[PDB]
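Comments concern the structure below.
2 protein chains.
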Amino acid sequence: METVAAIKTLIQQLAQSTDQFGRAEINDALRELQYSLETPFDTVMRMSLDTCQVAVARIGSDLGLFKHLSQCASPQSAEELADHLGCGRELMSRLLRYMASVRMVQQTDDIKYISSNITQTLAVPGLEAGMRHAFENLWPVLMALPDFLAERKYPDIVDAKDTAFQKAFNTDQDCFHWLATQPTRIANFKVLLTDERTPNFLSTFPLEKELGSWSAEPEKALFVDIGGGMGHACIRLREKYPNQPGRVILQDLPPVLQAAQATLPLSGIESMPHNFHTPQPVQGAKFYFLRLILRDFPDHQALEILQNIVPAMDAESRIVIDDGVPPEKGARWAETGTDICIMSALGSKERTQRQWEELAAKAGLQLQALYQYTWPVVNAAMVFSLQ
Amino acid sequence: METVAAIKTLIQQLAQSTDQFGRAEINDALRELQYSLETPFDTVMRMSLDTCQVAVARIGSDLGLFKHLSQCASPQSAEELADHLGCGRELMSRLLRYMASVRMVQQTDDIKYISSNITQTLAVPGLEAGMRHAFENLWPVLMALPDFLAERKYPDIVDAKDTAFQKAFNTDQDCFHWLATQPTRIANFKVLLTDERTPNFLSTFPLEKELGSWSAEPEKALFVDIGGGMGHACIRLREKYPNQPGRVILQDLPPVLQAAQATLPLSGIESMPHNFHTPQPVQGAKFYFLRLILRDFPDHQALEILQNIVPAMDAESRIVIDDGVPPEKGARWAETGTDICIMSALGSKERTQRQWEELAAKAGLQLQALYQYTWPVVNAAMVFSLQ
Ligand SMILES: C[S@@+](CC[C@H](N)C(=O)[O-])C[C@H]1O[C@@H](n2cnc3c(N)ncnc32)[C@H](O)[C@@H]1O
Ligand SMILES: C[S@@+](CC[C@H](N)C(=O)[O-])C[C@H]1O[C@@H](n2cnc3c(N)ncnc32)[C@H](O)[C@@H]1O
Ligand SMILES: CSC[C@H]1O[C@@H](n2cnc3c(N)ncnc32)[C@H](O)[C@@H]1O
Ligand SMILES: CSC[C@H]1O[C@@H](n2cnc3c(N)ncnc32)[C@H](O)[C@@H]1O
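So the protein lines, in turn, are chains A and B. Using the deposited numbering, read the first sequence as starting at 1 and increasing by one per residue. Using the deposited numbering, read the second sequence as starting at 1 and increasing by one per residue.
Here you go:
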């Protein structure tokens with residue numbers, strides 16, 4: 001209709017007028033409008049059928065469909081794609097019709113297919129690995145959660161070894177120990193670590209202000225990236241602040257450090273094997289950095305991780321927790337759905353600012369500053385000192 | 001910000017101004033805009049987390065939360081709901097924060113909780129049963145589909161006994177036969193049958209034109225509702241055309257007829273046990289009516305269902321197929337996701353108009369008229385005659 005076409009034009013123009021945070025606000029508003037305007041039948045159909053997207057994306061990934069379509073220079077028929085990818089022709093046609101209906105691909109007026117933005121996204125290895133993680137790891141845990149809670153009379157989940165994960169995968173191990181026995185899941189996780197989120201904390205972190213008159217002499221450490229994965233934070237730090245002296249150290253387990261060597265700069269960033277359940281070896285660093293680490297642990301274990309760092313700190317040292325800080329009320333779906341998932345798989349939780357401060361106070365830490373860098377979903381670098 | 005509030009105001013006014021079909025078009029446009037404006041990370045987070053809605057709706061149903069909240073006269077704290085419903089207080093608080101973020105409930109400015117439109121929807125028994133069906137029946141089949149297809153080198157699914165269902169539930173039975181052996185699932189399906197879709201075919205079906213000079217004597221049947229469930233079509237027919245002569249007959253299996261007695265009118269509608277895989281007993285009826293029946297069967301079995309009716313027809317008899325008629329191109333998510341689901345569970349498929357005509361021609365039937373009654377997703381009463 002002319003009205004819906006005009007709605008689309010105006011929302012597209014408003015989205016172009018603003019920045020990425022304004023666009024995120026607009027998208028959340030579109031979701032709220034959808035939910036408020038759907039009929040009861042629509043609500044049930046949406047909940048029933050939006051499930052299809054993850055399974056169908058998993059199939060397209062298995063087939064290599066999104067990568068292939070992303071590199072195509074002209075629209076492709078369903079028969080061409082089926083023959084190229086080794087898929088039944090009718091199966092491929094039905095899959096593509098569904099995918100086009102949810103913009104996973106685009107369907108042309110002559111019933112051929114081209115890449116959409118979502119096609120290109122699912123072709124990126126790290127983002128593809130995120131979707132595959134949702135299918136193979138998250139889905140079974142969420143499928144097990146309702147009956148787990150029912151059988152246990154709805155307990156408050158507090159223990160990584162006693163949550164829905166153990167029911168879903170028929171094991172008594174916690175998720176992290178179980179994963180070490182699953183090579184294909186490990187391989188997918190290694191690809192998942194190559195995804196770099198944007199924006200990052202350096203977009204708003206006032207580094208020179210927080211540094212003050214800290215001296216890197218004689219040979220002190222500026223930045224210790226604890227569980228840093230591929231070291232993206234270290235790389236971006238050296239990129240934005242190339243002249244700031246001090247050691248920059250990536251700490252992780254040996255297999256992921258080995259994976260990180262391929263893309264690490266030739267010099268300037270150390271790779272130090274370190275298990276963050278053991279005392280922090282680097283003494284007196286300016287910043288001990290924990291990005292998306294503590295969210296994966298219940299309070300008692302997250303506390304242990306902080307307690308292992310505290311003895312290494314001097315008066316100028318800071319622990320920087322870079323993580324989600326959802327609000328007391330009005331939290332968005334992308335910071336509450338995470339909470340349900342990490343509850344069900346890891347026994348952990350999202351933490352408000354007050355909850356972060358309580359946890360850190362148990363380690364003897366005090367919040368000095370908080371630097372938000374995403375909106376409306378809150379990710380922030382929280383700077384803690386001793387006392 | 002102010003912009004988001006203005007978008008909501010204007011879209012709400014436009015939605016109020018139009019009818020249900022215009023609102024459905026607007027909602028589809030809002031979904032398309034959301035998908036087109038999300039970031040790559042947003043896409044993966046959405047696919048990862050929208051899954052949570054079905055699991056959390058199942059938990060809320062298990063707790064009786066939506067029915068309870070729907071009958072509350074004031075906002076309720078999370079502690080009050082937890083204590084009343086027998087749920088851990090922190091678990092209840094986290095569940096409610098997530099539900100509020102996806103409008104499954106509403107959160108007030110003082111962090112209490114009231115019903116939303118979706119709360120009320122999930123409190124309705126038939127719609128609740130739809131959500132429970134999505135969780136317990138659809139989700140396992142979709143979880144099994146990618147590896148089923150991979151192990152079988154991506155076959156065209158054509159057989160109700162050889163699809164993802166058999167892997168999901170570790171059985172050689174087809175879905176309907178297996179479900180008949182599962183009493184709790186049967187009970188849920190009986191509640192699901194009490195949901196009546198709106199609008200229905202009588203909103204556009206020119207009954208008097210199709211009847212012509214047809215005579216109901218001697219004791220002939222006007223309308224035979226084959227697999228009619230609770231008999232809603234019979235009830236609405238008698239309601240809209242109370243003076244039209246001719247028997248009106250609800251045909252289904254005995255347990256469903258028994259369930260239907262509670263809500264059936266005291267006179268005017270016959271309850272006749274009949275299995276639609278067997279020859280049709282009522283001879284020379286004007287309309288043999290099949291609503292949302294044939295979509296659940298692959299072509300050879302749907303053909304058998306029609307062939308069991310054809311010998312009962314005289315020259316004035318018509319078979320009326322009331323079902324989805326998705327377009328050749330540009331089909332919507334609510335008529336393609338259905339296709340993927342019924343492929344994976346039942347071996348069946350959605351059918352375009354041309355595919356319906358091919359199938360019916362195998363039974364000796366010819367399309368006379370097609371009366372659409374929903375938009376933009378196509379449901380239509382297709383009228384077939386002999387020859
Ligand atoms: C969320 S991932 C990567 C987060 C990373 N800081 C980032 O934002 O780029 C968590 C990281 O913690 C690492 N890790 C898990 N257990 C660890 C342990 N016991 N000691 C050190 N690192 C660990 C993983 O190998 C992984 O690289
Ligand atoms: C989609 S449901 C209800 C459809 C119904 N026409 C309506 O629109 O409400 C399918 C119906 O077919 C019935 N059914 C399933 N197998 C049947 C059979 N073999 N013979 C007769 N009815 C059957 C079920 O009991 C159910 O009522
Ligand atoms: C976008 S990739 C991260 C997504 O997967 C979920 N997730 C990530 N890592 C884990 C993990 N180790 N265990 C359980 N869920 C996870 C998070 O809720 C998020 O939605
Ligand atoms: C509102 S319920 C409609 C849903 O029922 C689903 N469905 C799949 N198999 C069956 C079945 N055997 N019985 C009833 N509904 C089913 C379809 O996928 C559709 O999304």
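Backbone N, C-alpha and C define an ideal beta-carbon position, used for all residues, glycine too.
Where residue i meets chain B, residues with beta-carbon distance less than 7 Å
{"i": "residue 47 of chain A", "result": "53, 54, 57, 131 and 134"}
Residue-chain proximity (residue i, chain B), Cβ-Cβ < 8 Å
{"i": "residue 43 of chain A", "result": "yes"}
{"i": "residue 40 of chain A", "result": "yes"}
{"i": "residue 168 of chain A", "result": "no"}
{"i": "residue 186 of chain A", "result": "no"}
{"i": "residue 35 of chain A", "result": "yes"}
{"i": "residue 27 of chain A", "result": "yes"}
{"i": "residue 150 of chain A", "result": "yes"}
Any chain A beta carbon closer than 8 Å to residue i
{"i": "residue 343 of chain B", "result": "yes"}
{"i": "residue 155 of chain B", "result": "yes"}
{"i": "residue 302 of chain B", "result": "no"}
{"i": "residue 175 of chain B", "result": "no"}
{"i": "residue 264 of chain B", "result": "no"}
{"i": "residue 179 of chain B", "result": "no"}
{"i": "residue 139 of chain B", "result": "yes"}
{"i": "residue 351 of chain B", "result": "no"}
{"i": "residue 183 of chain B", "result": "no"}
{"i": "residue 117 of chain B", "result": "yes"}
{"i": "residue 390 of chain B", "result": "An answer regarding residue 390 of chain B cannot be provided, because it is not within the stretch 1 to 387 covered by chain B."}
Contact test: residue i Cβ vs ligand 3 heavy atom, cutoff 7 Å
{"i": "residue 177 of chain A", "result": "no"}
{"i": "residue 134 of chain A", "result": "yes"}
{"i": "residue 364 of chain A", "result": "no"}
{"i": "residue 61 of chain A", "result": "no"}
{"i": "residue 101 of chain B", "result": "no"}
{"i": "residue 137 of chain A", "result": "yes"}
{"i": "residue 296 of chain A", "result": "yes"}
{"i": "residue 48 of chain B", "result": "yes"}
Where residue i meets chain B, residues with beta-carbon distance less than 9 Å
{"i": "residue 332 of chain A", "result": "101"}
{"i": "residue 125 of chain A", "result": "What residue 125 of chain A touches in chain B: nothing, since even the nearest Cβ is about 12 Å away."}
{"i": "residue 91 of chain A", "result": "149, 154, 155, 156, 157 and 343"}
Any non-hydrogen atom of ligand 1 closer than 7 Å to residue i Cβ
{"i": "residue 233 of chain A", "result": "yes"}
{"i": "residue 31 of chain A", "result": "no"}
{"i": "residue 252 of chain A", "result": "yes"}
{"i": "residue 192 of chain B", "result": "no"}
Proximal chain A residues relative to residue i, where beta-carbon distance stays under 7 Å
{"i": "residue 97 of chain B", "result": "331 and 336"}
{"i": "residue 396 of chain B", "result": "This structure cannot speak to residue 396 of chain B, because chain B is shown only from 1 to 387."}
Residue i: contacting residues in chain B (beta-carbon distance under 8 Å)
{"i": "residue 323 of chain A", "result": "Result: empty, since nearest Cβ-Cβ is about 16 Å, beyond 8 Å."}
{"i": "residue 121 of chain A", "result": "40, 43 and 44"}
{"i": "residue 32 of chain A", "result": "8 and 103"}
DSSP beta-bridge partners of residue i
{"i": "residue 383 of chain A", "result": "A:320 and A:369"}
{"i": "residue 221 of chain A", "result": "A:247"}
{"i": "residue 287 of chain B", "result": "B:223 and B:318"}
{"i": "residue 272 of chain B", "result": "B:251"}
{"i": "residue 374 of chain B", "result": "B:379"}
Contacts that residue i makes with chain A (C-beta to C-beta distance below 8 Å)
{"i": "residue 14 of chain B", "result": "3 and 7"}
{"i": "residue 375 of chain B", "result": "Correct list: empty, because the minimum Cβ distance to chain A is about 10 Å."}
Ligand 4 heavy atom lying under 7 Å from the CB of residue i
{"i": "residue 338 of chain B", "result": "yes"}
{"i": "residue 174 of chain B", "result": "no"}
{"i": "residue 45 of chain A", "result": "yes"}
{"i": "residue 342 of chain B", "result": "yes"}
{"i": "residue 345 of chain B", "result": "yes"}
Residue i: CB within 7 Å of a non-hydrogen atom of ligand 2
{"i": "residue 293 of chain B", "result": "yes"}
{"i": "residue 276 of chain B", "result": "yes"}
{"i": "residue 229 of chain B", "result": "yes"}
{"i": "residue 256 of chain B", "result": "yes"}
Residue nearest to residue i in terms of C-alpha spacing, selected from the options
{"i": "residue 82 of chain B", "options": "B:101, B:59, B:141 and B:135", "result": "B:59"}
{"i": "residue 230 of chain A", "options": "A:332, A:141, A:133 and A:126", "result": "A:126"}
{"i": "residue 168 of chain A", "options": "A:342, A:140, A:191 and A:75", "result": "A:140"}
{"i": "residue 342 of chain A", "options": "B:68, B:5, B:98 and B:21", "result": "B:98"}
Contacts of residue i in chain A (Cβ-Cβ under 9 Å)
{"i": "residue 86 of chain B", "result": "153 and 154"}
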